[PDB]
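Shown next: target.csv, containing CSV, C-alpha atoms and all ligand atoms.
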```csv
chain,number,residue,atom,x,y,z
A,1,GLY,CA,86.7,146.4,119.7
A,2,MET,CA,84.0,147.2,117.1
A,3,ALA,CA,80.4,147.8,118.4
A,4,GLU,CA,77.1,146.8,116.7
A,5,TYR,CA,75.6,150.3,117.5
A,6,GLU,CA,76.3,154.0,117.6
A,7,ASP,CA,75.7,156.2,120.6
A,8,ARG,CA,73.0,158.8,119.9
A,9,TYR,CA,71.3,161.6,121.9
A,10,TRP,CA,68.1,163.6,122.0
A,11,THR,CA,67.1,166.5,124.3
A,12,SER,CA,64.1,166.6,126.7
A,13,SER,CA,61.9,169.7,126.9
A,14,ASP,CA,63.4,170.5,130.2
A,15,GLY,CA,67.0,170.3,128.9
A,16,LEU,CA,68.3,166.8,129.7
A,17,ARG,CA,70.6,165.0,127.3
A,18,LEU,CA,69.0,161.6,126.9
A,19,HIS,CA,70.7,158.6,125.4
A,20,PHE,CA,69.9,155.8,122.9
A,21,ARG,CA,71.8,153.1,121.2
A,22,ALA,CA,71.1,153.0,117.5
A,23,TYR,CA,71.6,149.9,115.4
A,24,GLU,CA,71.7,150.3,111.7
A,25,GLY,CA,69.4,148.3,109.4
A,26,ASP,CA,66.7,148.2,106.7
A,27,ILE,CA,65.4,151.7,106.0
A,28,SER,CA,62.5,150.1,104.1
A,29,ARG,CA,61.0,148.7,107.3
A,30,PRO,CA,59.9,150.7,110.3
A,31,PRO,CA,62.4,150.9,113.1
A,32,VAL,CA,62.2,148.8,116.3
A,33,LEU,CA,62.0,150.8,119.6
A,34,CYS,CA,63.0,148.9,122.7
A,35,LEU,CA,61.7,150.3,125.9
A,36,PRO,CA,63.3,149.1,129.2
A,37,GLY,CA,61.8,148.4,132.6
A,38,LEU,CA,61.8,150.7,135.6
A,39,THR,CA,65.4,150.3,136.7
A,40,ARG,CA,66.8,149.2,133.4
A,41,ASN,CA,68.8,150.6,130.5
A,42,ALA,CA,69.7,149.9,126.8
A,43,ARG,CA,71.9,146.9,127.9
A,44,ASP,CA,68.8,144.8,128.6
A,45,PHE,CA,68.5,144.7,124.8
A,46,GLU,CA,72.2,144.2,124.0
A,47,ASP,CA,71.8,140.7,122.6
A,48,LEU,CA,68.2,141.1,121.1
A,49,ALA,CA,69.3,144.2,119.2
A,50,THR,CA,72.3,142.4,117.7
A,51,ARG,CA,70.0,139.6,116.5
A,52,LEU,CA,67.5,142.1,114.9
A,53,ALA,CA,70.1,144.6,113.5
A,54,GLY,CA,70.6,144.9,109.7
A,55,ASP,CA,67.3,143.2,109.2
A,56,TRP,CA,65.9,146.0,111.3
A,57,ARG,CA,66.9,149.4,112.5
A,58,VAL,CA,66.8,149.3,116.3
A,59,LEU,CA,66.7,152.1,118.8
A,60,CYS,CA,67.3,151.4,122.5
A,61,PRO,CA,66.6,154.5,124.5
A,62,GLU,CA,67.3,155.0,128.3
A,63,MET,CA,65.0,157.1,130.3
A,64,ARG,CA,66.2,160.1,132.4
A,65,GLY,CA,68.1,158.8,135.4
A,66,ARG,CA,69.1,155.5,133.8
A,67,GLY,CA,72.3,154.4,132.1
A,68,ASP,CA,74.0,157.2,130.3
A,69,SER,CA,71.0,159.4,130.2
A,70,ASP,CA,71.3,162.6,132.2
A,71,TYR,CA,70.0,162.6,135.8
A,72,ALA,CA,67.2,165.0,136.7
A,73,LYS,CA,67.9,168.1,138.9
A,74,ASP,CA,64.3,167.6,140.0
A,75,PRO,CA,63.6,164.0,141.0
A,76,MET,CA,59.8,164.7,140.9
A,77,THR,CA,60.2,164.4,137.1
A,78,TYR,CA,61.0,160.7,137.5
A,79,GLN,CA,57.4,159.6,136.6
A,80,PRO,CA,55.7,157.7,133.8
A,81,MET,CA,54.1,160.7,132.1
A,82,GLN,CA,57.4,162.4,131.9
A,83,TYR,CA,59.0,159.4,130.3
A,84,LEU,CA,56.1,159.3,127.8
A,85,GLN,CA,56.8,163.0,127.0
A,86,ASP,CA,60.5,162.3,126.6
A,87,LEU,CA,59.8,159.4,124.2
A,88,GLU,CA,57.4,161.7,122.2
A,89,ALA,CA,60.4,164.1,122.0
A,90,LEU,CA,62.7,161.3,120.7
A,91,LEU,CA,60.2,160.3,118.0
A,92,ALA,CA,59.7,164.0,117.0
A,93,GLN,CA,63.4,164.7,116.9
A,94,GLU,CA,64.2,161.6,114.9
A,95,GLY,CA,61.3,162.0,112.5
A,96,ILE,CA,59.8,158.6,113.3
A,97,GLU,CA,56.1,158.3,112.3
A,98,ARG,CA,55.6,154.5,112.5
A,99,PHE,CA,57.5,152.0,114.6
A,100,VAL,CA,57.6,148.6,116.2
A,101,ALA,CA,57.5,148.8,120.0
A,102,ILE,CA,59.1,146.2,122.3
A,103,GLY,CA,58.3,147.1,125.9
A,104,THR,CA,59.4,145.4,129.1
A,105,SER,CA,57.4,146.1,132.3
A,106,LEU,CA,57.1,149.9,132.6
A,107,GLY,CA,58.3,150.0,129.0
A,108,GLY,CA,55.2,148.0,128.1
A,109,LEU,CA,53.1,150.5,129.9
A,110,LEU,CA,54.8,153.3,127.9
A,111,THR,CA,54.2,151.3,124.8
A,112,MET,CA,50.4,151.3,125.5
A,113,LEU,CA,50.6,155.0,126.3
A,114,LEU,CA,52.4,155.8,123.0
A,115,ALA,CA,49.8,153.6,121.1
A,116,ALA,CA,46.9,155.5,122.7
A,117,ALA,CA,48.0,158.7,121.0
A,118,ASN,CA,47.4,157.1,117.6
A,119,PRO,CA,47.4,153.3,117.3
A,120,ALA,CA,48.1,153.4,113.6
A,121,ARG,CA,51.6,154.7,114.5
A,122,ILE,CA,52.4,151.2,115.9
A,123,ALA,CA,53.4,148.8,113.1
A,124,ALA,CA,53.5,146.0,115.6
A,125,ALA,CA,54.3,145.5,119.3
A,126,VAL,CA,55.6,143.2,122.0
A,127,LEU,CA,54.5,143.5,125.6
A,128,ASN,CA,57.1,141.7,127.8
A,129,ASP,CA,55.5,140.5,131.0
A,130,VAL,CA,53.3,143.4,131.6
A,131,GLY,CA,49.5,144.0,131.2
A,132,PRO,CA,46.6,146.2,132.1
A,133,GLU,CA,46.3,144.4,135.5
A,134,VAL,CA,49.4,144.4,137.6
A,135,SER,CA,49.8,141.8,140.4
A,136,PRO,CA,50.2,143.5,143.9
A,137,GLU,CA,52.9,141.0,144.9
A,138,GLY,CA,55.2,142.3,142.3
A,139,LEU,CA,54.5,146.0,143.0
A,140,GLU,CA,55.3,145.4,146.7
A,141,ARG,CA,58.7,143.9,145.7
A,142,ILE,CA,59.5,146.9,143.5
A,143,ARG,CA,58.8,149.4,146.2
A,144,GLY,CA,61.1,147.3,148.4
A,145,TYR,CA,64.2,147.1,146.2
A,146,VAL,CA,64.4,150.3,144.2
A,147,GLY,CA,67.0,152.8,145.4
A,148,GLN,CA,67.9,150.4,148.4
A,149,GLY,CA,71.5,151.0,147.3
A,150,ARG,CA,73.5,147.9,147.8
A,151,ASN,CA,76.9,148.0,146.1
A,152,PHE,CA,79.8,145.5,145.8
A,153,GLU,CA,83.6,145.2,145.4
A,154,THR,CA,83.4,142.4,142.8
A,155,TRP,CA,81.2,141.2,140.0
A,156,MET,CA,80.9,137.8,141.6
A,157,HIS,CA,79.6,139.3,144.9
A,158,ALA,CA,77.1,141.3,142.9
A,159,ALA,CA,76.0,138.3,140.9
A,160,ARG,CA,75.5,136.2,144.0
A,161,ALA,CA,73.4,139.0,145.6
A,162,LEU,CA,71.2,139.1,142.5
A,163,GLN,CA,70.7,135.3,142.6
A,164,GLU,CA,69.8,135.6,146.3
A,165,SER,CA,66.9,137.9,145.5
A,166,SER,CA,65.9,136.7,142.0
A,167,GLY,CA,66.8,133.0,142.0
A,168,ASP,CA,63.1,132.3,142.2
A,169,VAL,CA,62.6,134.2,139.0
A,170,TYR,CA,65.4,132.4,137.1
A,171,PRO,CA,65.9,129.1,139.0
A,172,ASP,CA,67.7,127.3,136.1
A,173,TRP,CA,70.4,129.9,135.4
A,174,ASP,CA,74.1,129.2,135.7
A,175,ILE,CA,76.7,131.7,136.9
A,176,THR,CA,77.5,132.9,133.5
A,177,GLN,CA,73.9,133.9,133.1
A,178,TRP,CA,73.9,135.7,136.4
A,179,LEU,CA,77.1,137.6,135.5
A,180,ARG,CA,75.7,138.6,132.1
A,181,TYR,CA,72.5,139.9,133.8
A,182,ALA,CA,74.5,141.7,136.5
A,183,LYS,CA,76.5,143.7,133.9
A,184,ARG,CA,73.3,144.7,132.2
A,185,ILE,CA,71.8,146.3,135.3
A,186,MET,CA,74.8,147.4,137.3
A,187,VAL,CA,78.0,149.3,136.5
A,188,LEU,CA,81.5,149.8,138.0
A,189,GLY,CA,81.2,153.3,139.2
A,190,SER,CA,83.5,156.2,140.0
A,191,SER,CA,84.3,155.0,143.5
A,192,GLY,CA,85.4,151.5,142.3
A,193,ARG,CA,82.2,149.9,143.5
A,194,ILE,CA,79.6,148.0,141.5
A,195,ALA,CA,76.2,149.6,141.8
A,196,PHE,CA,72.8,149.6,140.1
A,197,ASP,CA,73.0,151.8,137.0
A,198,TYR,CA,70.4,154.4,137.8
A,199,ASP,CA,69.9,157.6,139.9
A,200,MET,CA,69.0,156.4,143.5
A,201,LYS,CA,66.7,159.4,143.7
A,202,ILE,CA,64.3,157.5,141.4
A,203,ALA,CA,63.2,155.9,144.7
A,204,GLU,CA,61.8,159.2,146.1
A,205,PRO,CA,58.0,158.8,146.0
A,206,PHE,CA,56.8,162.3,145.8
A,207,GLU,CA,53.1,161.8,145.1
A,208,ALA,CA,53.2,158.0,144.9
A,209,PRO,CA,55.6,155.2,145.6
A,210,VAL,CA,57.9,154.2,142.7
A,211,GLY,CA,56.4,151.8,140.3
A,212,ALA,CA,52.8,152.8,141.0
A,213,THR,CA,50.6,152.3,138.0
A,214,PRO,CA,48.5,155.2,136.6
A,215,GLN,CA,45.2,155.6,138.6
A,216,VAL,CA,43.0,154.4,135.7
A,217,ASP,CA,41.5,151.2,134.3
A,218,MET,CA,44.2,150.2,131.8
A,219,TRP,CA,42.2,147.8,129.8
A,220,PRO,CA,41.3,150.6,127.4
A,221,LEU,CA,45.0,151.3,126.8
A,222,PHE,CA,45.7,147.6,126.2
A,223,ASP,CA,42.7,147.3,123.9
A,224,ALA,CA,43.8,150.2,121.7
A,225,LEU,CA,47.3,148.6,121.4
A,226,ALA,CA,45.7,145.2,120.6
A,227,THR,CA,44.1,146.6,117.5
A,228,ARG,CA,47.6,146.4,116.0
A,229,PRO,CA,49.7,143.2,115.6
A,230,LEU,CA,50.6,142.1,119.1
A,231,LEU,CA,52.7,139.6,121.0
A,232,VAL,CA,52.5,139.2,124.7
A,233,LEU,CA,55.3,137.4,126.5
A,234,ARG,CA,54.7,136.1,130.0
A,235,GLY,CA,57.0,134.4,132.5
A,236,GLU,CA,55.3,131.2,133.7
A,237,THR,CA,55.9,132.3,137.3
A,238,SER,CA,55.5,136.0,136.9
A,239,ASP,CA,54.5,138.0,140.0
A,240,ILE,CA,53.5,141.0,137.8
A,241,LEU,CA,51.4,139.4,135.1
A,242,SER,CA,49.0,136.7,136.1
A,243,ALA,CA,48.2,133.7,133.8
A,244,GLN,CA,44.5,134.8,134.0
A,245,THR,CA,45.2,138.4,132.8
A,246,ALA,CA,47.4,137.1,130.0
A,247,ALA,CA,44.7,134.7,128.8
A,248,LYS,CA,42.3,137.7,128.8
A,249,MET,CA,44.8,139.7,126.7
A,250,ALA,CA,45.2,136.7,124.3
A,251,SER,CA,41.4,136.6,123.8
A,252,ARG,CA,41.6,139.7,121.7
A,253,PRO,CA,41.8,139.0,117.9
A,254,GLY,CA,45.4,138.7,116.5
A,255,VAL,CA,47.0,138.7,119.9
A,256,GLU,CA,49.5,135.9,120.4
A,257,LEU,CA,50.5,134.9,123.9
A,258,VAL,CA,53.8,133.0,124.6
A,259,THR,CA,54.5,131.8,128.1
A,260,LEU,CA,58.2,131.1,129.0
A,261,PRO,CA,58.6,128.0,131.2
A,262,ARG,CA,60.2,128.2,134.6
A,263,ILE,CA,60.9,132.0,134.6
A,264,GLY,CA,59.2,134.9,136.3
A,265,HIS,CA,59.1,138.6,135.8
A,266,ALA,CA,60.5,139.2,133.1
A,267,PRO,CA,61.8,137.1,130.2
A,268,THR,CA,65.2,138.4,129.1
A,269,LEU,CA,64.2,138.1,125.4
A,270,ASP,CA,67.3,136.0,125.0
A,271,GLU,CA,65.4,132.7,125.4
A,272,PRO,CA,65.0,130.8,122.2
A,273,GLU,CA,61.3,130.8,122.5
A,274,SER,CA,61.2,134.6,123.0
A,275,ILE,CA,63.5,135.2,120.0
A,276,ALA,CA,61.3,133.0,117.8
A,277,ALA,CA,58.2,134.7,119.1
A,278,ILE,CA,59.5,138.2,118.3
A,279,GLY,CA,60.4,136.9,114.8
A,280,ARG,CA,56.8,135.8,114.2
A,281,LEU,CA,55.6,139.2,115.4
A,282,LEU,CA,58.0,141.0,113.2
A,283,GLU,CA,56.6,139.1,110.1
A,284,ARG,CA,53.2,140.7,110.7
A,285,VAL,CA,54.6,144.2,110.1
A,301,CA,CA,56.5,158.6,142.3
A,302,CA,CA,56.3,131.5,109.2
A,303,CL,CL,81.4,143.0,147.9
A,304,CL,CL,57.4,155.2,138.5
```
Could you write out this file's structure as structure tokens?
Ligand SMILES: [Ca+2]
Ligand SMILES: [Ca+2]
Ligand SMILES: [Cl-]
Ligand SMILES: [Cl-]
Amino acid sequence: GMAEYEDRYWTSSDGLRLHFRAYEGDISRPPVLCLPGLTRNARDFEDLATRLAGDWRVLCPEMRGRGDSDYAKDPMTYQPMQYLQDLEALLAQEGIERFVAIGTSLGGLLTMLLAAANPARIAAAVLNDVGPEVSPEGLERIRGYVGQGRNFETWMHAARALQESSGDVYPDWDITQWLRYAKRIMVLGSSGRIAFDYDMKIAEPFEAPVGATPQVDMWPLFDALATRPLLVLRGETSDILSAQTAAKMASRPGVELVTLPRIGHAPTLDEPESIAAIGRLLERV
């Protein structure tokens, strides 16, 4: 079949071949950079990117250890400041000076970190279910599931396993929605088993457990981002971003908050309300 994207690569300082999907579009607008969550890859954006493509150029990178990006020989390089450096390397190598950033979870943190370097580089941004205060309930869950290593013979078994742990996050989903989600985050591997599509060594803590936020008040990073056009999406039931923190974010001038009913951490960005929200944000570029 024909794809809506082309497979592209860039090189990290330390020598990894890292992967991004590139979707062609309007060269007279800045490109849209989609940054996935901790355990996630370019497929989390596979539908959003097709809805934005043509009207926008869209880049969907995968961090080291995720998807088709190379795995690190040194798992201690699986940390947020390294991902930030790798994204700076992508931007340098592709000659991108100004861009829209759409960041989910850890991707939203990376979006704040990129903005901090020079907020004028951000044409506009979307933070998907993440903010400068992260709820401990959600962090506890992350520590618990990353690298736990469950694998399956069939997609149906995988899907049911995901519903068992995330049915509270997406209580209204049907089986087709669970299967679509499963294929975005898992892969049929070499051994014929379906497994999460990332290096299991990402779970190794080294100095701090996986998912740990930088040891800094992150309000300043949010506030610098919020000087640029900003949308914040929140799942109504999110265990990561509280309603209170989101309303504080929204109190900054120009920041629009959209809460997605009956879903938790995080909106898939395939919800009609999310799509429409992103469209409104993109008009402010
Ligand atoms: Ca760590
Ligand atoms: Ca309008
Ligand atoms: Cl199974
Ligand atoms: Cl991490």
| field | Within 12 Å of ligand CL 304 (chain A), counting only C-alpha atoms and all ligand atoms, residues as an NGL selection string | value | :A and (37-39 or 63-65 or 75-84 or 105-107 or 109-110 or 139 or 142-143 or 146 or 201-214)
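Coordinates place atom CA of residue A:98 at a distance of 28.4 Å from atom CA of residue A:265.
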| task | Name the residues in contact with residue A:261 at a cut-off of 9 Å, using all atoms listed in the file, excluding same-chain residues fewer than 4 positions from it; report them as a PyMOL selection string. | result | chain A and resi 235-237
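Of the listed residues (A:8, A:57, A:234, A:51), A:57 comes nearest to residue A:27; the distances count only C-alpha atoms.
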| query | Quick one: of A:245, A:268, A:104, A:118, who's nearest to residue A:33, counting only C-alpha atoms? | reply | A:104
Write out, as a Markdown table, each residue of chain A that has an atom at most 10 Å from ligand CA 302 (chain A), together with the closest pair of atoms and their distance in Å to one decimal, counting all atoms listed in the file, rows going by chain and rising number.
```
| residue | atom | partner | partner_atom | distance |
| --- | --- | --- | --- | --- |
| A:279 | CA | A:CA302 | CA | 8.8 |
| A:280 | CA | A:CA302 | CA | 6.6 |
| A:281 | CA | A:CA302 | CA | 9.9 |
| A:283 | CA | A:CA302 | CA | 7.7 |
| A:284 | CA | A:CA302 | CA | 9.8 |
```
